[PDB]
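As provided, final_18.txt (compact mmCIF, C-alpha atoms and all ligand atoms) reads as follows.
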```txt
# COMPACT_ATOMS: atom_id res chain seq x y z
CA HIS A 1 7.76 25.81 19.26
CA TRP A 2 9.51 25.90 15.93
CA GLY A 3 8.01 24.86 12.63
CA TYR A 4 7.33 26.07 9.10
CA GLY A 5 4.37 28.40 9.65
CA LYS A 6 4.31 32.16 9.38
CA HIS A 7 4.74 32.63 13.10
CA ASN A 8 7.25 29.86 13.89
CA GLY A 9 9.07 29.33 10.57
CA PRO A 10 12.72 29.61 9.54
CA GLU A 11 12.89 33.39 10.00
CA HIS A 12 12.06 32.94 13.71
CA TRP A 13 14.41 30.06 14.51
CA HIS A 14 17.36 32.27 15.47
CA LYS A 15 15.53 33.49 18.60
CA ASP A 16 15.66 30.05 20.23
CA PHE A 17 18.65 28.76 18.21
CA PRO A 18 21.14 31.60 17.67
CA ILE A 19 23.39 29.26 15.66
CA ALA A 20 20.81 29.78 12.90
CA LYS A 21 22.99 32.80 11.99
CA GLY A 22 26.23 30.84 12.32
CA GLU A 23 29.19 30.36 10.02
CA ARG A 24 28.31 26.98 8.43
CA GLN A 25 24.52 26.83 8.13
CA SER A 26 22.58 24.69 5.66
CA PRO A 27 21.09 24.47 3.18
CA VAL A 28 22.87 26.64 0.61
CA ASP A 29 22.54 27.52 -3.05
CA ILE A 30 24.94 25.45 -5.15
CA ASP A 31 26.33 27.81 -7.78
CA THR A 32 27.44 25.23 -10.33
CA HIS A 33 29.90 27.50 -12.10
CA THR A 34 31.61 28.52 -8.85
CA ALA A 35 31.89 25.05 -7.31
CA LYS A 36 35.47 23.82 -7.53
CA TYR A 37 36.21 20.49 -9.14
CA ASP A 38 38.50 18.60 -6.76
CA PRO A 39 40.16 15.65 -8.56
CA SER A 40 41.36 14.36 -5.18
CA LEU A 41 37.80 13.68 -4.01
CA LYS A 42 37.27 9.93 -3.94
CA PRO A 43 34.16 8.15 -5.22
CA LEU A 44 31.40 7.72 -2.70
CA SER A 45 31.04 4.27 -1.15
CA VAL A 46 27.37 3.58 -0.40
CA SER A 47 27.00 0.14 1.21
CA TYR A 48 23.29 -0.45 1.86
CA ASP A 49 22.91 -4.16 1.02
CA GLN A 50 22.70 -5.12 4.73
CA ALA A 51 20.39 -2.24 5.70
CA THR A 52 17.74 -3.07 8.31
CA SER A 53 14.81 -0.66 8.15
CA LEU A 54 12.59 -0.71 11.22
CA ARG A 55 9.87 1.90 11.41
CA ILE A 56 8.39 5.02 9.85
CA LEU A 57 7.41 7.98 12.05
CA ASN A 58 5.57 11.26 11.51
CA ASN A 59 7.45 13.58 13.89
CA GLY A 60 5.38 16.70 13.18
CA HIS A 61 8.02 18.19 10.84
CA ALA A 62 8.60 15.36 8.35
CA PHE A 63 8.50 11.57 8.35
CA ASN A 64 11.55 9.49 9.23
CA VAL A 65 12.28 5.97 8.02
CA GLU A 66 14.48 4.60 10.78
CA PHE A 67 17.19 1.94 10.53
CA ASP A 68 19.06 -0.36 12.91
CA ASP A 69 22.24 1.64 13.56
CA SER A 70 23.61 -0.62 16.31
CA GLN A 71 25.95 -2.34 13.80
CA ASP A 72 27.65 -1.40 10.51
CA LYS A 73 24.72 -2.62 8.42
CA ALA A 74 24.29 0.37 6.09
CA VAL A 75 27.29 2.65 5.84
CA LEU A 76 28.57 5.61 3.85
CA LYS A 77 32.33 5.94 3.31
CA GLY A 78 34.71 7.52 0.88
CA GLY A 79 34.09 10.75 -0.96
CA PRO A 80 35.19 13.60 1.31
CA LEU A 81 34.75 11.47 4.43
CA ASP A 82 37.25 9.93 6.78
CA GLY A 83 36.04 6.84 8.53
CA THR A 84 32.68 5.13 8.54
CA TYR A 85 29.25 6.73 8.86
CA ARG A 86 26.23 4.60 9.76
CA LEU A 87 22.79 5.18 8.29
CA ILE A 88 20.31 6.07 11.02
CA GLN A 89 17.29 7.40 9.10
CA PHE A 90 16.09 9.12 5.98
CA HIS A 91 13.43 11.78 5.49
CA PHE A 92 12.31 14.30 2.89
CA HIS A 93 11.45 17.97 2.58
CA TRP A 94 8.85 18.96 0.02
CA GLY A 95 6.67 21.76 -1.27
CA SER A 96 3.02 22.62 -1.55
CA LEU A 97 3.61 22.88 -5.32
CA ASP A 98 5.93 21.11 -7.76
CA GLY A 99 7.91 24.34 -8.28
CA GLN A 100 9.43 24.33 -4.77
CA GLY A 101 10.27 22.03 -1.90
CA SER A 102 13.99 21.37 -1.90
CA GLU A 103 16.33 22.87 0.70
CA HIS A 104 19.48 23.05 -1.37
CA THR A 105 19.06 24.81 -4.69
CA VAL A 106 21.11 24.51 -7.88
CA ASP A 107 21.75 27.83 -9.60
CA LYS A 108 18.77 29.09 -7.55
CA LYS A 109 16.49 26.37 -8.96
CA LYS A 110 14.24 24.69 -6.36
CA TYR A 111 13.38 21.03 -6.85
CA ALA A 112 10.02 19.53 -5.87
CA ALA A 113 11.54 17.74 -2.87
CA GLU A 114 14.82 16.66 -1.32
CA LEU A 115 15.75 13.37 0.33
CA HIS A 116 18.17 13.34 3.27
CA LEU A 117 19.91 10.04 4.12
CA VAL A 118 21.41 10.72 7.55
CA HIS A 119 24.58 8.95 8.73
CA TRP A 120 26.67 9.38 11.89
CA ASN A 121 30.40 8.95 12.37
CA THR A 122 31.01 5.64 14.17
CA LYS A 123 34.05 6.97 16.01
CA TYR A 124 31.66 8.90 18.28
CA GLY A 125 29.59 5.85 19.24
CA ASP A 126 26.07 7.14 18.72
CA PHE A 127 24.06 9.87 17.02
CA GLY A 128 23.70 12.03 20.13
CA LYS A 129 27.48 12.23 20.54
CA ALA A 130 28.07 12.66 16.80
CA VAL A 131 25.92 15.79 16.49
CA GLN A 132 28.26 17.53 18.96
CA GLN A 133 31.23 17.18 16.59
CA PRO A 134 32.21 19.14 13.46
CA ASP A 135 32.59 15.86 11.53
CA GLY A 136 29.77 14.02 13.30
CA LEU A 137 27.26 13.54 10.47
CA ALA A 138 27.35 12.86 6.75
CA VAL A 139 24.06 13.56 4.97
CA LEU A 140 23.48 12.37 1.43
CA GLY A 141 21.09 14.82 -0.22
CA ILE A 142 19.17 13.77 -3.31
CA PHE A 143 16.88 16.05 -5.30
CA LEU A 144 13.43 14.92 -6.41
CA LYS A 145 11.85 16.16 -9.62
CA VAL A 146 8.36 15.29 -10.83
CA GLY A 147 8.16 13.02 -13.87
CA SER A 148 8.12 9.24 -14.00
CA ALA A 149 7.32 7.32 -10.83
CA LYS A 150 10.16 6.07 -8.64
CA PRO A 151 9.33 2.38 -8.02
CA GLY A 152 11.56 2.16 -4.95
CA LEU A 153 9.60 4.99 -3.35
CA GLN A 154 6.13 3.46 -3.66
CA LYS A 155 6.32 1.38 -0.47
CA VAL A 156 6.94 4.63 1.43
CA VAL A 157 4.07 6.46 -0.30
CA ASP A 158 1.66 3.58 0.27
CA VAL A 159 2.14 3.54 4.08
CA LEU A 160 1.69 7.30 4.66
CA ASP A 161 -2.01 7.00 5.49
CA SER A 162 -0.98 4.98 8.57
CA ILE A 163 1.22 7.85 9.85
CA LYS A 164 -0.95 10.77 8.76
CA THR A 165 -0.58 12.81 11.96
CA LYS A 166 2.19 13.84 14.35
CA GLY A 167 3.37 11.08 16.67
CA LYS A 168 2.10 8.15 14.61
CA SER A 169 4.50 5.37 13.67
CA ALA A 170 4.22 2.15 11.70
CA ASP A 171 6.34 -0.93 11.15
CA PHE A 172 8.56 -0.42 8.12
CA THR A 173 10.82 -3.46 7.92
CA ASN A 174 12.42 -4.89 4.79
CA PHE A 175 12.72 -1.60 2.91
CA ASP A 176 15.69 -1.23 0.57
CA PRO A 177 17.06 2.35 0.48
CA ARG A 178 19.09 1.50 -2.63
CA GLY A 179 15.82 1.99 -4.52
CA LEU A 180 15.99 5.73 -3.77
CA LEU A 181 19.41 6.38 -5.37
CA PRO A 182 19.94 7.86 -8.84
CA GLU A 183 22.22 6.16 -11.35
CA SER A 184 25.21 8.47 -10.83
CA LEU A 185 26.96 9.20 -7.54
CA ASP A 186 28.58 12.44 -8.77
CA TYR A 187 28.25 14.95 -5.95
CA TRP A 188 28.97 18.36 -4.48
CA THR A 189 30.21 18.61 -0.91
CA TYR A 190 30.60 21.34 1.71
CA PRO A 191 30.62 21.67 5.52
CA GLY A 192 27.20 22.60 6.90
CA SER A 193 24.57 22.00 9.54
CA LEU A 194 21.34 20.30 10.40
CA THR A 195 18.61 22.10 8.45
CA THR A 196 16.16 21.96 11.38
CA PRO A 197 16.65 23.07 14.98
CA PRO A 198 18.93 22.60 16.77
CA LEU A 199 20.78 23.54 13.53
CA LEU A 200 24.04 22.07 14.85
CA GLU A 201 27.10 22.58 12.65
CA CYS A 202 28.02 18.91 12.49
CA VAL A 203 27.22 17.85 8.90
CA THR A 204 29.42 17.05 5.93
CA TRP A 205 26.91 17.61 3.15
CA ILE A 206 27.13 15.36 0.09
CA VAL A 207 24.53 16.48 -2.48
CA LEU A 208 24.12 14.29 -5.55
CA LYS A 209 24.18 16.00 -8.94
CA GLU A 210 21.59 13.67 -10.51
CA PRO A 211 18.01 13.98 -9.23
CA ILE A 212 15.61 11.10 -8.98
CA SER A 213 12.23 11.37 -10.69
CA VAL A 214 9.02 10.72 -8.78
CA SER A 215 5.49 10.85 -10.12
CA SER A 216 3.00 13.62 -9.46
CA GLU A 217 0.88 11.04 -7.61
CA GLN A 218 3.78 10.11 -5.32
CA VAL A 219 4.49 13.70 -4.26
CA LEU A 220 0.75 14.43 -3.97
CA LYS A 221 0.59 11.78 -1.26
CA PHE A 222 3.41 13.44 0.69
CA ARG A 223 1.23 16.56 0.70
CA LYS A 224 -1.63 14.71 2.43
CA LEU A 225 0.43 14.29 5.60
CA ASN A 226 -0.38 16.52 8.59
CA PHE A 227 1.84 18.64 10.83
CA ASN A 228 -0.78 18.37 13.59
CA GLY A 229 -1.63 15.50 15.89
CA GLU A 230 -4.81 13.48 15.59
CA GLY A 231 -7.82 15.41 16.83
CA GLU A 232 -6.15 18.78 16.28
CA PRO A 233 -7.06 21.15 13.43
CA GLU A 234 -5.70 19.84 10.15
CA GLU A 235 -2.63 21.59 8.81
CA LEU A 236 -1.09 19.97 5.76
CA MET A 237 2.56 18.97 6.03
CA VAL A 238 3.85 20.95 3.05
CA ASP A 239 6.70 23.42 2.53
CA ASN A 240 8.73 21.86 5.36
CA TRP A 241 11.96 23.22 3.87
CA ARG A 242 14.44 25.81 5.14
CA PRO A 243 15.59 28.30 2.47
CA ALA A 244 19.17 28.70 1.30
CA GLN A 245 21.48 30.33 3.85
CA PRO A 246 24.55 32.50 3.22
CA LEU A 247 27.57 30.51 2.08
CA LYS A 248 29.93 32.77 4.05
CA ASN A 249 33.51 31.46 4.22
CA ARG A 250 32.91 28.15 2.46
CA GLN A 251 33.71 26.73 -0.97
CA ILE A 252 31.55 24.02 -2.47
CA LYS A 253 33.60 21.21 -4.02
CA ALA A 254 32.51 19.03 -6.94
CA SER A 255 33.53 15.40 -7.51
CA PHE A 256 33.03 15.79 -11.26
CA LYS A 257 34.12 18.07 -14.07
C1 LIG A 301 2.03 26.19 8.36
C2 LIG A 301 2.38 25.50 9.67
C3 LIG A 301 3.54 24.70 9.72
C4 LIG A 301 4.12 24.15 11.11
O1 LIG A 301 5.21 23.70 11.16
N1 LIG A 301 3.32 24.20 12.25
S1 LIG A 301 1.86 24.80 12.14
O2 LIG A 301 1.04 23.60 12.02
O3 LIG A 301 1.60 25.68 13.29
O4 LIG A 301 1.54 25.67 10.85
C1 LIG A 302 15.44 30.77 -10.06
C2 LIG A 302 14.35 30.11 -9.23
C3 LIG A 302 13.72 30.82 -8.18
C4 LIG A 302 12.64 30.10 -7.23
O1 LIG A 302 12.32 30.58 -6.20
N1 LIG A 302 12.08 28.88 -7.63
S1 LIG A 302 12.52 28.27 -9.02
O2 LIG A 302 12.62 26.82 -8.86
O3 LIG A 302 11.55 28.75 -10.02
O4 LIG A 302 13.93 28.75 -9.57
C1 LIG A 303 -0.69 11.06 4.46
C2 LIG A 303 -1.74 10.22 3.75
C3 LIG A 303 -1.52 9.86 2.41
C4 LIG A 303 -2.60 9.03 1.59
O1 LIG A 303 -2.29 8.48 0.59
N1 LIG A 303 -3.92 8.97 2.08
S1 LIG A 303 -4.29 9.74 3.42
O2 LIG A 303 -4.83 11.01 2.94
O3 LIG A 303 -5.15 8.91 4.26
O4 LIG A 303 -3.06 10.13 4.34
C1 LIG A 304 18.35 14.12 11.95
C2 LIG A 304 18.61 15.29 11.02
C3 LIG A 304 18.19 16.58 11.39
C4 LIG A 304 18.39 17.83 10.42
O1 LIG A 304 17.93 18.88 10.73
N1 LIG A 304 19.10 17.67 9.22
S1 LIG A 304 19.68 16.23 8.88
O2 LIG A 304 19.34 16.06 7.46
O3 LIG A 304 21.08 16.17 9.28
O4 LIG A 304 19.00 15.03 9.65
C1 LIG A 305 17.54 12.98 17.87
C2 LIG A 305 17.34 14.44 17.49
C3 LIG A 305 18.06 15.38 18.26
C4 LIG A 305 19.01 16.44 17.53
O1 LIG A 305 19.99 16.85 18.05
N1 LIG A 305 18.65 16.86 16.25
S1 LIG A 305 17.32 16.25 15.64
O2 LIG A 305 16.31 17.09 16.29
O3 LIG A 305 17.36 16.28 14.18
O4 LIG A 305 16.97 14.78 16.12
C1 LIG A 306 -5.18 7.21 -1.99
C2 LIG A 306 -5.70 6.76 -3.35
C3 LIG A 306 -6.51 5.60 -3.38
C4 LIG A 306 -6.43 4.54 -4.57
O1 LIG A 306 -7.06 3.53 -4.53
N1 LIG A 306 -5.60 4.80 -5.67
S1 LIG A 306 -4.76 6.15 -5.72
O2 LIG A 306 -3.39 5.65 -5.59
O3 LIG A 306 -5.11 6.87 -6.94
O4 LIG A 306 -4.97 7.18 -4.54
ZN ZN A 307 16.46 17.05 6.16
```

Take the structure from the file and write it as structure tokens.
Amino acid sequence: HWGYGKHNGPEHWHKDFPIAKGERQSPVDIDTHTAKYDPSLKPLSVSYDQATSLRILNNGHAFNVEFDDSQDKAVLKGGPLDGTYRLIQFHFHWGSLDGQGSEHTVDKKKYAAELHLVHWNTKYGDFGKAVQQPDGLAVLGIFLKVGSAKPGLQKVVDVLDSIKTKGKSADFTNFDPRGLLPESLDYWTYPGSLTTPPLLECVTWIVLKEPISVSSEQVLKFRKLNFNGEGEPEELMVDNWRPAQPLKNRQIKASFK
């Protein structure tokens, strides 16, 4: 089964998921000088004030903070998007070392980690239907660099010991995802895919220009998570990122000059 090890990592995924070599795979390198400023791109509308977080889960590949997506409580609109996309979960990808960890890169630079806020297009009715459509998901990607602590991240970091191993979950109510956003909502956007199997080509990627800073202690605690289940040999959950994939016949657009 797929993962991030030497024998089941990203270079093997195409054998079970041939779309891994498809025409709109993610992540990609964002070449800042080649991205095209599009003055017609609207500002992003991030409406998270009514968000209802529920639970945090170690799924063996990352951890997901899950939200109530049965109503329009936390929605992403605007930018390149038509219609309304509901927040279903967020998760991160991170490295074994501060020098790597992000999935998208910027002029080939790898950040320490990358946050993915996952939203599905409400016109399809649920996430399972949305992933089958070329405009089914909108993922807000936010880079993490190591520096000052991110206060709005600490409640996540502090609960990780309760979900150390694959299959563990914990209550995670009353968490405010607005605390994970940078100041600016300037962004790049392009059509892409899920970055894990099944790698479906259903994502409008919206990658924020401005990273958030997290402390070395915060990212160190991510690296204490385990890919394995309890009672199995310990394998640290680190380097759970897919490398940049060929851009092929796509142009990255920028919301900002
Ligand atoms: C390095 C590694 C990563 C993974 O995803 N699965 S594994 O626990 O078999 O080994
Ligand atoms: C150019 C570049 C290459 C790489 O792999 N990691 S990095 O973050 O040092 O930046
Ligand atoms: C994942 C996790 C993070 C932490 O802070 N302590 S712990 O090593 O018990 O488990
Ligand atoms: C659920 C989900 C799966 C994935 O692989 N990429 S994503 O960031 O769109 O979120
Ligand atoms: C719900 C689930 C199924 C899917 O299609 N992609 S995912 O593996 O990211 O999560
Ligand atoms: C897990 C651990 C335990 C503690 O008490 N303080 S700390 O935040 O430095 O790291
Ligand atoms: Zn992701």

Quiz item: A:174, A:195, A:226, A:47: which is nearest ligand LIG 305 (chain A), counting all atoms listed in the file?
Solution: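 Under the stated criterion, the closest residue is A:195.
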
Practice problem: Find the residues around range 31-40 of chain A up to 8 Å (only C-alpha atoms counted), leave out those fewer than 4 positions away in its own chain, and share them as an MDAnalysis selection string. | Solution: chainID A and resid 106:108 188 251:257

Write a file of the selected residues as a compact mmCIF listing (two decimals), in the frame of the given file, keeping C-alpha atoms.
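Here's the written file part_11.txt:
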```
# COMPACT_ATOMS: atom_id res chain seq x y z
CA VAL A 106 21.11 24.51 -7.88
CA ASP A 107 21.75 27.83 -9.60
CA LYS A 108 18.77 29.09 -7.55
CA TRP A 188 28.97 18.36 -4.48
CA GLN A 251 33.71 26.73 -0.97
CA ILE A 252 31.55 24.02 -2.47
CA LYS A 253 33.60 21.21 -4.02
CA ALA A 254 32.51 19.03 -6.94
CA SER A 255 33.53 15.40 -7.51
CA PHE A 256 33.03 15.79 -11.26
CA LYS A 257 34.12 18.07 -14.07
```

If you take only C-alpha atoms and all ligand atoms and a cut-off of 8 Å, which residues of chain A touch ligand LIG 305 (chain A), and what are their nearest atom pairs and distances in Å to one decimal, in chain and number order, as a tab-separated table?
```
residue	atom	partner	partner_atom	distance
A:127	CA	A:LIG305	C1	7.3
A:128	CA	A:LIG305	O1	6.4
A:131	CA	A:LIG305	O1	6.2
A:194	CA	A:LIG305	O3	6.8
A:196	CA	A:LIG305	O3	6.4
A:197	CA	A:LIG305	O2	6.1
A:198	CA	A:LIG305	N1	5.8
A:199	CA	A:LIG305	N1	7.5
A:200	CA	A:LIG305	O1	7.3
```

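Across A:138, A:54, A:65, A:44, the tightest approach to residue 201 in chain A is made by A:138 when counting all atoms listed in the file.
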
Return as CSV the residues of chain A lying at most 10 Å from ligand ZN 307 (chain A), together with the closest atom-to-atom pair for each and the distance in Å to one decimal, counting only C-alpha atoms and all ligand atoms, with rows in chain order and ascending residue number.
```
residue,atom,partner,partner_atom,distance
A:26,CA,A:ZN307,ZN,9.8
A:27,CA,A:ZN307,ZN,9.2
A:61,CA,A:ZN307,ZN,9.7
A:62,CA,A:ZN307,ZN,8.3
A:63,CA,A:ZN307,ZN,9.9
A:64,CA,A:ZN307,ZN,9.5
A:90,CA,A:ZN307,ZN,7.9
A:91,CA,A:ZN307,ZN,6.1
A:92,CA,A:ZN307,ZN,6.0
A:93,CA,A:ZN307,ZN,6.2
A:94,CA,A:ZN307,ZN,10.0
A:102,CA,A:ZN307,ZN,9.5
A:103,CA,A:ZN307,ZN,8.0
A:114,CA,A:ZN307,ZN,7.7
A:115,CA,A:ZN307,ZN,6.9
A:116,CA,A:ZN307,ZN,5.0
A:117,CA,A:ZN307,ZN,8.1
A:118,CA,A:ZN307,ZN,8.2
A:139,CA,A:ZN307,ZN,8.4
A:140,CA,A:ZN307,ZN,9.7
A:141,CA,A:ZN307,ZN,8.2
A:194,CA,A:ZN307,ZN,7.2
A:195,CA,A:ZN307,ZN,5.9
A:196,CA,A:ZN307,ZN,7.2
A:240,CA,A:ZN307,ZN,9.1
A:241,CA,A:ZN307,ZN,8.0
A:242,CA,A:ZN307,ZN,9.0
```

Grab me every residue within 6 Å of ligand LIG 303 (chain A), counting all atoms listed in the file, and send it over as a PDB file with C-alpha atoms, in the frame of the given file.
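Saved file pocket09.pdb follows:
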```pdb
ATOM      1  CA  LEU A 160       1.690   7.300   4.660  1.00  0.00           C
ATOM      2  CA  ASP A 161      -2.010   7.000   5.490  1.00  0.00           C
ATOM      3  CA  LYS A 164      -0.950  10.770   8.760  1.00  0.00           C
ATOM      4  CA  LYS A 221       0.590  11.780  -1.260  1.00  0.00           C
ATOM      5  CA  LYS A 224      -1.630  14.710   2.430  1.00  0.00           C
ATOM      6  CA  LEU A 225       0.430  14.290   5.600  1.00  0.00           C
TER       7      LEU A 225
END
```

Practice problem: Find, counting only C-alpha atoms, the residue in A:59, A:184, A:245, A:216 that gets nearest to residue 113 in chain A. | Solution: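 Comparing A:59, A:184, A:245, A:216 against residue 113 in chain A, the winner is A:216.
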
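Between ligand LIG 302 (chain A) and the residues A:110, A:250, A:155, A:129, the shortest atom-to-atom distance, using all atoms listed in the file, involves A:110.
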
Can you take range 175-195 of chain A from the block and write N, CA, C and O atoms as a tab-separated table (two decimals), in the first residue's frame?
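Dumped to result-v8.tsv:
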```
chain	number	residue	atom	x	y	z
A	175	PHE	N	-12.04	24.88	17.43
A	175	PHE	CA	-10.79	25.35	16.85
A	175	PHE	C	-11.07	26.33	15.72
A	175	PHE	O	-11.92	26.07	14.87
A	176	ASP	N	-10.34	27.44	15.71
A	176	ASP	CA	-10.60	28.51	14.76
A	176	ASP	C	-9.55	28.49	13.67
A	176	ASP	O	-8.40	28.91	13.90
A	177	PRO	N	-9.88	28.03	12.46
A	177	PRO	CA	-8.86	27.95	11.40
A	177	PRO	C	-8.39	29.31	10.91
A	177	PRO	O	-7.37	29.38	10.19
A	178	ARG	N	-9.07	30.40	11.27
A	178	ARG	CA	-8.57	31.72	10.91
A	178	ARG	C	-7.20	31.99	11.51
A	178	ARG	O	-6.43	32.79	10.97
A	179	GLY	N	-6.88	31.32	12.62
A	179	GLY	CA	-5.59	31.48	13.26
A	179	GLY	C	-4.43	30.88	12.49
A	179	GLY	O	-3.28	31.01	12.93
A	180	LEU	N	-4.69	30.20	11.37
A	180	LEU	CA	-3.65	29.61	10.54
A	180	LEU	C	-3.36	30.42	9.28
A	180	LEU	O	-2.48	30.02	8.51
A	181	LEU	N	-4.09	31.54	9.05
A	181	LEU	CA	-3.93	32.31	7.82
A	181	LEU	C	-2.84	33.36	7.99
A	181	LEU	O	-2.65	33.90	9.08
A	182	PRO	N	-2.10	33.66	6.92
A	182	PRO	CA	-1.19	34.80	6.94
A	182	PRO	C	-2.00	36.09	6.81
A	182	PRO	O	-3.22	36.08	6.67
A	183	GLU	N	-1.28	37.21	6.85
A	183	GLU	CA	-1.93	38.51	6.75
A	183	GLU	C	-2.52	38.72	5.36
A	183	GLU	O	-3.68	39.13	5.22
A	184	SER	N	-1.74	38.44	4.32
A	184	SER	CA	-2.15	38.70	2.95
A	184	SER	C	-2.81	37.47	2.34
A	184	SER	O	-2.40	36.33	2.59
A	185	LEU	N	-3.81	37.71	1.49
A	185	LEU	CA	-4.44	36.65	0.72
A	185	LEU	C	-4.03	36.67	-0.76
A	185	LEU	O	-4.71	36.07	-1.59
A	186	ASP	N	-2.92	37.34	-1.10
A	186	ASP	CA	-2.37	37.24	-2.45
A	186	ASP	C	-2.05	35.78	-2.75
A	186	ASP	O	-1.58	35.04	-1.88
A	187	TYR	N	-2.29	35.35	-3.99
A	187	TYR	CA	-2.22	33.92	-4.27
A	187	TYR	C	-1.81	33.67	-5.72
A	187	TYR	O	-1.94	34.54	-6.59
A	188	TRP	N	-1.32	32.45	-5.95
A	188	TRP	CA	-1.19	31.86	-7.27
A	188	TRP	C	-2.27	30.80	-7.42
A	188	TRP	O	-2.72	30.21	-6.43
A	189	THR	N	-2.69	30.53	-8.65
A	189	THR	CA	-3.71	29.51	-8.85
A	189	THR	C	-3.44	28.74	-10.15
A	189	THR	O	-2.91	29.30	-11.11
A	190	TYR	N	-3.77	27.46	-10.14
A	190	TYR	CA	-3.63	26.62	-11.33
A	190	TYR	C	-4.49	25.38	-11.13
A	190	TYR	O	-4.84	25.03	-9.98
A	191	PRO	N	-4.86	24.69	-12.21
A	191	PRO	CA	-5.65	23.46	-12.09
A	191	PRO	C	-4.74	22.27	-11.83
A	191	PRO	O	-3.77	22.06	-12.56
A	192	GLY	N	-5.05	21.49	-10.81
A	192	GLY	CA	-4.20	20.38	-10.40
A	192	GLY	C	-4.98	19.21	-9.85
A	192	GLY	O	-6.12	18.95	-10.25
A	193	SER	N	-4.37	18.51	-8.90
A	193	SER	CA	-4.87	17.23	-8.45
A	193	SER	C	-4.73	17.10	-6.94
A	193	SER	O	-4.06	17.91	-6.28
A	194	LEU	N	-5.35	16.07	-6.38
A	194	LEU	CA	-4.94	15.60	-5.06
A	194	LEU	C	-3.45	15.27	-5.11
A	194	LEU	O	-2.95	14.78	-6.13
A	195	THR	N	-2.74	15.53	-4.02
A	195	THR	CA	-1.32	15.20	-3.98
A	195	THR	C	-1.04	13.84	-3.34
A	195	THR	O	0.13	13.47	-3.22
```
